[PDB]
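To be precise, the following lines are data.cif, and they hold mmCIF, C-alpha atoms and all ligand atoms.
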data_entry
loop_
_atom_site.label_atom_id
_atom_site.label_comp_id
_atom_site.auth_asym_id
_atom_site.auth_seq_id
_atom_site.Cartn_x
_atom_site.Cartn_y
_atom_site.Cartn_z
CA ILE V 1 218.65 218.89 34.92
CA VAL V 2 219.38 222.66 34.79
CA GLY V 3 222.93 223.82 35.74
CA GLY V 4 224.23 220.23 35.96
CA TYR V 5 227.07 218.40 34.15
CA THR V 6 227.40 215.41 31.84
CA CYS V 7 227.62 212.39 34.10
CA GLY V 8 229.84 210.31 31.82
CA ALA V 9 228.62 207.09 30.16
CA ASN V 10 227.32 204.48 32.58
CA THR V 11 228.60 206.24 35.73
CA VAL V 12 225.02 206.09 37.21
CA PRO V 13 224.24 202.35 36.56
CA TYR V 14 220.93 202.26 38.42
CA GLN V 15 219.42 205.07 36.29
CA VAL V 16 216.68 203.89 33.89
CA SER V 17 214.68 205.77 31.20
CA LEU V 18 210.91 205.00 30.94
CA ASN V 19 210.05 205.10 27.23
CA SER V 20 206.73 205.07 25.26
CA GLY V 21 208.26 206.02 21.84
CA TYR V 22 210.24 208.85 23.56
CA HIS V 23 211.78 209.39 27.05
CA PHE V 24 209.13 210.79 29.46
CA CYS V 25 210.44 209.87 33.00
CA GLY V 26 213.43 208.38 34.86
CA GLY V 27 213.44 205.61 37.40
CA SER V 28 215.85 203.63 39.61
CA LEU V 29 216.67 199.93 39.39
CA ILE V 30 216.39 198.43 42.92
CA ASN V 31 216.85 194.71 41.99
CA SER V 32 217.03 192.74 38.71
CA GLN V 33 213.28 192.77 38.14
CA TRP V 34 211.98 195.99 39.80
CA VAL V 35 212.25 199.71 39.24
CA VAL V 36 210.98 202.58 41.43
CA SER V 37 209.68 205.77 39.79
CA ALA V 38 206.98 208.38 40.54
CA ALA V 39 203.27 207.61 40.45
CA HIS V 40 202.62 210.63 38.28
CA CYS V 41 204.82 209.02 35.54
CA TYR V 42 202.31 206.15 35.24
CA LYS V 43 200.97 205.17 31.75
CA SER V 44 200.58 201.90 29.93
CA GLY V 45 202.91 200.79 27.19
CA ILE V 46 206.12 201.40 29.17
CA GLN V 47 209.42 200.01 27.96
CA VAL V 48 212.22 200.34 30.60
CA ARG V 49 215.59 201.17 29.05
CA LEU V 50 218.63 200.26 31.19
CA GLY V 51 222.38 200.97 30.51
CA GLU V 52 221.65 204.10 28.55
CA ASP V 53 223.83 207.17 28.17
CA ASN V 54 222.75 208.76 24.77
CA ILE V 55 219.00 207.86 24.64
CA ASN V 56 218.84 208.51 20.86
CA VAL V 57 221.77 206.21 19.91
CA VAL V 58 222.18 202.47 20.57
CA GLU V 59 225.82 202.59 21.79
CA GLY V 60 225.96 199.19 23.42
CA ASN V 61 225.16 198.26 27.08
CA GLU V 62 221.47 199.01 26.62
CA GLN V 63 218.82 196.47 27.73
CA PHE V 64 215.21 197.32 26.64
CA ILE V 65 212.66 195.38 28.70
CA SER V 66 208.90 195.85 28.80
CA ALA V 67 207.18 196.53 32.08
CA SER V 68 205.00 193.51 33.16
CA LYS V 69 202.97 195.65 35.71
CA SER V 70 203.20 199.10 37.32
CA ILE V 71 201.94 199.46 40.95
CA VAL V 72 201.03 203.03 41.79
CA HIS V 73 200.89 203.60 45.57
CA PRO V 74 197.19 202.99 46.65
CA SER V 75 197.15 206.35 48.50
CA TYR V 76 198.67 208.39 45.72
CA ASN V 77 196.82 211.76 45.46
CA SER V 78 197.27 213.41 42.06
CA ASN V 79 196.22 216.79 43.40
CA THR V 80 198.79 217.02 46.20
CA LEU V 81 201.28 214.46 44.81
CA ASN V 82 201.45 212.98 48.26
CA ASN V 83 202.67 209.26 48.03
CA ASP V 84 204.14 209.95 44.56
CA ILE V 85 205.87 206.56 44.13
CA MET V 86 205.30 203.60 41.78
CA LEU V 87 206.97 200.21 41.42
CA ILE V 88 207.34 198.67 37.91
CA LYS V 89 208.01 194.97 37.56
CA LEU V 90 210.05 194.04 34.43
CA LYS V 91 208.79 191.28 32.09
CA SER V 92 212.19 189.49 32.46
CA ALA V 93 215.11 190.15 34.83
CA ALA V 94 217.87 192.48 33.68
CA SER V 95 221.52 191.19 33.50
CA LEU V 96 223.37 193.27 36.09
CA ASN V 97 227.03 194.13 35.58
CA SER V 98 229.10 197.26 36.21
CA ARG V 99 227.04 199.27 33.73
CA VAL V 100 223.60 198.07 34.93
CA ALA V 101 223.39 197.72 38.76
CA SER V 102 220.75 198.26 41.43
CA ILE V 103 220.89 200.98 44.12
CA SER V 104 220.17 200.23 47.80
CA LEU V 105 217.09 201.34 49.61
CA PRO V 106 217.84 203.36 52.84
CA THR V 107 217.74 202.04 56.41
CA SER V 108 217.33 205.56 57.84
CA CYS V 109 216.18 208.89 56.37
CA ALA V 110 218.85 211.44 55.45
CA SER V 111 219.37 214.74 57.28
CA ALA V 112 219.38 218.30 56.01
CA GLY V 113 222.78 219.22 54.59
CA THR V 114 223.34 215.66 53.22
CA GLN V 115 224.67 216.12 49.60
CA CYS V 116 223.02 213.86 47.02
CA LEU V 117 223.28 213.12 43.31
CA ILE V 118 220.25 213.68 41.09
CA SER V 119 220.48 212.56 37.42
CA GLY V 120 218.25 212.42 34.37
CA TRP V 121 217.47 213.37 30.78
CA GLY V 122 215.03 216.13 31.73
CA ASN V 123 214.95 219.63 30.49
CA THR V 124 218.16 221.64 30.90
CA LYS V 125 216.60 225.18 30.53
CA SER V 126 214.46 226.90 33.15
CA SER V 127 212.92 229.26 30.58
CA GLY V 128 212.26 227.04 27.53
CA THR V 129 212.85 223.38 26.63
CA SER V 130 216.18 221.83 25.68
CA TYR V 131 216.25 218.07 26.26
CA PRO V 132 219.70 216.41 26.25
CA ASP V 133 220.83 213.23 24.51
CA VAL V 134 223.11 212.08 27.30
CA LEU V 135 222.59 211.78 31.03
CA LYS V 136 223.07 214.90 33.19
CA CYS V 137 224.04 215.00 36.86
CA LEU V 138 223.65 217.53 39.67
CA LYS V 139 225.03 217.36 43.23
CA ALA V 140 222.49 219.03 45.59
CA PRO V 141 221.88 219.15 49.35
CA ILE V 142 218.71 218.19 51.23
CA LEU V 143 217.26 221.40 52.75
CA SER V 144 215.82 221.72 56.27
CA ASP V 145 212.15 221.23 56.65
CA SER V 146 211.65 224.89 57.76
CA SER V 147 213.15 226.16 54.57
CA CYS V 148 211.10 223.69 52.53
CA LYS V 149 207.78 224.61 54.24
CA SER V 150 208.61 228.30 54.02
CA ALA V 151 209.06 227.89 50.23
CA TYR V 152 205.89 225.82 49.69
CA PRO V 153 203.60 226.69 52.65
CA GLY V 154 200.80 224.17 53.12
CA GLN V 155 202.06 221.90 50.32
CA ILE V 156 204.74 219.73 51.98
CA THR V 157 203.67 216.48 53.68
CA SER V 158 205.81 214.26 55.79
CA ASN V 159 206.45 212.15 52.64
CA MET V 160 208.34 214.90 50.89
CA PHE V 161 211.58 216.80 51.38
CA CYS V 162 213.21 219.63 49.43
CA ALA V 163 216.72 219.54 47.95
CA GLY V 164 218.51 222.10 45.76
CA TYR V 165 219.67 225.70 45.85
CA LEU V 166 217.48 228.64 46.92
CA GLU V 167 219.58 231.03 44.78
CA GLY V 168 218.24 229.27 41.59
CA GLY V 169 220.35 228.14 38.58
CA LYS V 170 220.80 224.43 39.44
CA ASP V 171 217.82 222.05 39.75
CA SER V 172 216.04 218.97 38.39
CA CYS V 173 213.14 219.63 35.97
CA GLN V 174 210.44 217.91 33.83
CA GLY V 175 211.80 214.69 32.27
CA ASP V 176 213.94 214.02 35.36
CA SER V 177 210.56 213.12 37.02
CA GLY V 178 210.59 209.61 38.65
CA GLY V 179 214.39 209.57 38.78
CA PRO V 180 216.83 209.11 41.67
CA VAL V 181 218.14 211.29 44.44
CA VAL V 182 221.04 209.18 45.85
CA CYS V 183 222.81 210.14 49.06
CA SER V 184 225.67 208.11 50.49
CA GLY V 185 224.84 205.23 48.16
CA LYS V 186 221.18 204.90 49.18
CA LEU V 187 218.08 205.94 47.19
CA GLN V 188 216.58 208.69 49.39
CA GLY V 189 214.32 210.51 46.95
CA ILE V 190 212.32 210.42 43.75
CA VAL V 191 212.07 213.57 41.52
CA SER V 192 208.43 214.67 42.07
CA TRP V 193 207.49 218.35 41.70
CA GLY V 194 208.54 221.99 42.13
CA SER V 195 207.37 225.49 40.88
CA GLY V 196 209.18 225.84 37.56
CA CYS V 197 212.79 224.69 37.36
CA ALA V 198 215.80 226.41 38.91
CA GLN V 199 213.69 229.43 40.08
CA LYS V 200 214.94 231.37 43.09
CA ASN V 201 213.52 230.16 46.38
CA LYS V 202 211.55 227.33 44.64
CA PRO V 203 213.64 224.15 45.28
CA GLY V 204 212.64 220.69 43.99
CA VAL V 205 210.40 218.51 46.12
CA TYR V 206 211.14 214.81 46.34
CA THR V 207 209.27 211.74 47.54
CA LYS V 208 210.88 210.67 50.87
CA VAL V 209 211.74 207.04 50.09
CA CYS V 210 212.74 206.10 53.69
CA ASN V 211 209.02 206.32 54.57
CA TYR V 212 208.17 203.63 51.97
CA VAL V 213 210.77 200.92 52.47
CA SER V 214 208.48 198.44 54.30
CA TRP V 215 205.77 199.15 51.62
CA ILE V 216 208.21 198.48 48.77
CA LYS V 217 209.48 195.32 50.42
CA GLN V 218 206.00 193.93 51.20
CA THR V 219 204.64 194.79 47.76
CA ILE V 220 207.66 193.15 45.97
CA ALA V 221 207.42 190.14 48.21
CA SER V 222 203.75 189.58 47.26
CA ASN V 223 204.03 190.18 43.42
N1 LIG S 301 213.02 220.47 40.67
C1 LIG S 301 211.93 221.00 40.18
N2 LIG S 301 211.68 222.30 40.23
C2 LIG S 301 211.02 220.10 39.59
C3 LIG S 301 210.31 220.47 38.44
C4 LIG S 301 209.46 219.53 37.87
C5 LIG S 301 208.64 219.62 36.78
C6 LIG S 301 208.01 218.39 36.67
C7 LIG S 301 207.07 218.04 35.69
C8 LIG S 301 206.53 219.02 34.83
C9 LIG S 301 205.59 218.65 33.84
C10 LIG S 301 205.19 217.33 33.71
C11 LIG S 301 205.71 216.34 34.54
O1 LIG S 301 205.35 215.01 34.42
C12 LIG S 301 204.61 214.47 33.33
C13 LIG S 301 205.54 214.01 32.20
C14 LIG S 301 205.51 212.51 32.19
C15 LIG S 301 204.36 212.10 33.05
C16 LIG S 301 203.96 213.26 33.91
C17 LIG S 301 206.65 216.69 35.54
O2 LIG S 301 207.14 215.69 36.37
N3 LIG S 301 208.43 217.62 37.65
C18 LIG S 301 209.28 218.29 38.40
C19 LIG S 301 209.98 217.88 39.51
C20 LIG S 301 210.86 218.79 40.13
CL1 LIG S 301 211.60 218.10 41.60
CA CA S 302 221.58 204.76 23.79
#

Mind turning this structure into structure tokens?
Amino acid sequence: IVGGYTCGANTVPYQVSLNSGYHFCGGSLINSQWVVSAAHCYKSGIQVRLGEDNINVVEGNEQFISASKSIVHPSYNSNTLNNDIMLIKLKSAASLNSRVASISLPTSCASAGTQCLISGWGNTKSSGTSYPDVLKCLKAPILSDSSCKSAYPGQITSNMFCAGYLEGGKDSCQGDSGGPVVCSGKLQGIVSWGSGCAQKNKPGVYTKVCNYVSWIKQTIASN
């Protein structure tokens, strides 16, 4: 997160860190045994780390659970990043409490201007790499589809939306990938892609979760 602030320990209880010997992507807990992340964060050997604040220090509240299976969307396209969503089933259910809790899936899509919270342990510099130890937060609005398409002509599908600031300075970045975009208490987006981080007129592009709720529900129900 570039231009964001320290969230505060466990203030984002649905935030998870996907770890393979180091933090590589974020994710969101949607129930005690399932997490939603981005398809481009897929790899084998994933350990899901819940209740984390400093990812390099065991401070208490952490639950480390191995992923039993990861389900990348069948129509995921790695060239366009269209359908960039993946479901990870945990080997055992997590113990939910005030520090580890799930986030609700949306019943409707959000509108432009809706302010959302994006969080993660991704890079905090736009020019260079600085990864943080604790969780960073950024409040950002969903942009209108004309502004989004004008920024990325020909690259936005109906399963994506842009959020952020066209003036640059505040944005999500690599490492925040797969993590949550929460608006009014509902998971509306997944950190997917953008041109650089916090560059002027190049907002972040997010997977539009409201278009996948029946898919998530049917897939969970059958696995
Ligand atoms: N807000 C933005 N401008 C932005 C920037 C990046 C940058 C990435 C990104 C860059 C390099 C590698 C990535 O994933 C690899 C690391 C782990 C597996 C795939 C990214 O997600 N994702 C991004 C997502 C966004 Cl929304
Ligand atoms: Ca920790």

Practice problem: Between V:134, V:4, V:84, V:94, single out the one closest to residue 59 of chain V, counting all atoms listed in the file. | Solution: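 The shortest atom-to-atom distance to residue 59 of chain V comes from V:134.
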
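The smallest atom-to-atom distance between ligand LIG 301 (chain S) and any of V:68, V:10, V:127, V:144, using only C-alpha atoms and all ligand atoms, is found for V:127.
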
Exercise. Report as a PyMOL selection string which protein, DNA and RNA residues come within 6 Å of ligand LIG 301 (chain S), using all atoms listed in the file.
Key: chain V and resi 24-25+40-41+171-174+177+191-198+203-206

Compute the distance from (226.6, 218.6, 40.3) to each atom, counting all atoms listed in the file, keep the residues with any atom at most 8 Å away, and return them as a PDB file with C-alpha atoms, in the coordinates of the input; use the coordinates of the file.
ATOM      1  CA  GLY V   3     222.930 223.820  35.740  1.00  0.00           C
ATOM      2  CA  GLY V   4     224.230 220.230  35.960  1.00  0.00           C
ATOM      3  CA  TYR V   5     227.070 218.400  34.150  1.00  0.00           C
ATOM      4  CA  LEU V 117     223.280 213.120  43.310  1.00  0.00           C
ATOM      5  CA  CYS V 137     224.040 215.000  36.860  1.00  0.00           C
ATOM      6  CA  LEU V 138     223.650 217.530  39.670  1.00  0.00           C
ATOM      7  CA  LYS V 139     225.030 217.360  43.230  1.00  0.00           C
ATOM      8  CA  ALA V 140     222.490 219.030  45.590  1.00  0.00           C
TER       9      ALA V 140
END

Practice problem: Return as a PyMOL selection string the residues of protein, DNA or RNA that approach ligand CA 302 (chain S) to within 10 Å, with only C-alpha atoms and all ligand atoms taken into account. | Solution: chain V and resi 9+49-63+133-134

Practice problem: Record the distance separating atom CA of residue 35 of chain V and atom CA of residue 83 of chain V, expressed in Å with one decimal. | Solution: 16.1 Å

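The smallest atom-to-atom distance between residue 92 of chain V and any of V:31, V:149, V:129, V:45, using all atoms listed in the file, is found for V:31.
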
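The smallest atom-to-atom distance between residue 101 of chain V and any of V:180, V:44, V:142, V:30, using only C-alpha atoms, is found for V:30.
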
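Take atom CA of residue 209 of chain V and atom CA of residue 158 of chain V: the distance between them is 10.9 Å.
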
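The space between atom CA of residue 27 of chain V and atom CA of residue 178 of chain V spans 5.1 Å.
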
I'd like a table as CSV: residues in segment 115-205 of chain V with an atom no more than 8 Å from segment 12-22 of chain V, each row giving the shortest atom pair and its distance in Å to one decimal, only C-alpha atoms counted, sorted by chain and rising residue number.
residue,atom,partner,partner_atom,distance
V:119,CA,V:15,CA,7.6
V:120,CA,V:15,CA,7.7
V:179,CA,V:15,CA,7.2
V:180,CA,V:15,CA,7.2

Quiz item: Which is closer to residue 113 of chain V than all the others in V:147, V:97, V:80, V:218, using only C-alpha atoms?
Solution: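 Distance minimum relative to residue 113 of chain V lands on V:147.
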
Write out, as JSON lines, each residue of segment 20-47 of chain V that has an atom at most 10 Å from segment 184-187 of chain V, together with the closest pair of atoms and their distance in Å to one decimal, counting all atoms listed in the file, rows going by chain and rising number.
{"residue": "V:28", "atom": "CA", "partner": "V:187", "partner_atom": "CA", "distance": 8.2}
{"residue": "V:29", "atom": "CA", "partner": "V:187", "partner_atom": "CA", "distance": 9.9}
{"residue": "V:30", "atom": "CA", "partner": "V:187", "partner_atom": "CA", "distance": 8.8}
{"residue": "V:36", "atom": "CA", "partner": "V:187", "partner_atom": "CA", "distance": 9.7}

Exercise. Check the smallest atom-to-atom distance from each of V:11, V:108, V:66, V:95 to residue 214 of chain V using all atoms listed in the file, then report the winner.
Key: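 Ranked by minimum distance to residue 214 of chain V, first place goes to V:108.
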
Practice problem: Within 7 Å of residue 159 of chain V, counting only C-alpha atoms, which residues show up once you throw out same-chain ones fewer than 5 positions away? Write them as a PyMOL selection string, please. | Solution: chain V and resi 82-83+207-208+211

Atoms added to segment 113-130 of chain V (N, CA and C atoms), reported as a short mmCIF file (atom, residue, chain, number, x, y, z; two decimals), in the frame of the given file:
data_model
loop_
_atom_site.label_atom_id
_atom_site.label_comp_id
_atom_site.auth_asym_id
_atom_site.auth_seq_id
_atom_site.Cartn_x
_atom_site.Cartn_y
_atom_site.Cartn_z
N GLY V 113 221.34 219.03 54.80
CA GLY V 113 222.78 219.22 54.59
C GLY V 113 223.36 218.01 53.90
N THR V 114 222.75 216.84 53.92
CA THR V 114 223.34 215.66 53.22
C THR V 114 223.42 216.03 51.73
N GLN V 115 224.52 215.78 51.06
CA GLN V 115 224.67 216.12 49.60
C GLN V 115 224.26 214.86 48.83
N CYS V 116 223.49 215.02 47.81
CA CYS V 116 223.02 213.86 47.02
C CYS V 116 223.25 214.08 45.54
N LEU V 117 223.09 213.03 44.78
CA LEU V 117 223.28 213.12 43.31
C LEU V 117 221.93 212.85 42.68
N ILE V 118 221.54 213.75 41.83
CA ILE V 118 220.25 213.68 41.09
C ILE V 118 220.71 213.58 39.63
N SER V 119 220.09 212.73 38.85
CA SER V 119 220.48 212.56 37.42
C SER V 119 219.27 212.39 36.55
N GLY V 120 219.41 212.59 35.27
CA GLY V 120 218.25 212.42 34.37
C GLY V 120 218.43 213.11 33.04
N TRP V 121 217.51 212.83 32.17
CA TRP V 121 217.47 213.37 30.78
C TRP V 121 216.39 214.42 30.63
N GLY V 122 216.08 215.07 31.71
CA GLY V 122 215.03 216.13 31.73
C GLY V 122 215.51 217.41 31.16
N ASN V 123 214.62 218.31 31.06
CA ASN V 123 214.95 219.63 30.49
C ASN V 123 216.17 220.29 31.13
N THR V 124 216.97 220.97 30.36
CA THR V 124 218.16 221.64 30.90
C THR V 124 217.97 223.19 30.92
N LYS V 125 216.84 223.71 30.53
CA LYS V 125 216.60 225.18 30.53
C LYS V 125 215.47 225.47 31.49
N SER V 126 215.54 226.56 32.18
CA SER V 126 214.46 226.90 33.15
C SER V 126 213.42 227.69 32.36
N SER V 127 213.85 228.45 31.41
CA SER V 127 212.92 229.26 30.58
C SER V 127 213.00 228.67 29.17
N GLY V 128 212.24 227.66 28.89
CA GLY V 128 212.26 227.04 27.53
C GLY V 128 212.58 225.57 27.63
N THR V 129 212.54 224.82 26.57
CA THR V 129 212.85 223.38 26.63
C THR V 129 214.07 222.99 25.84
N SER V 130 214.98 222.26 26.40
CA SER V 130 216.18 221.83 25.68
C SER V 130 216.31 220.46 26.33
#
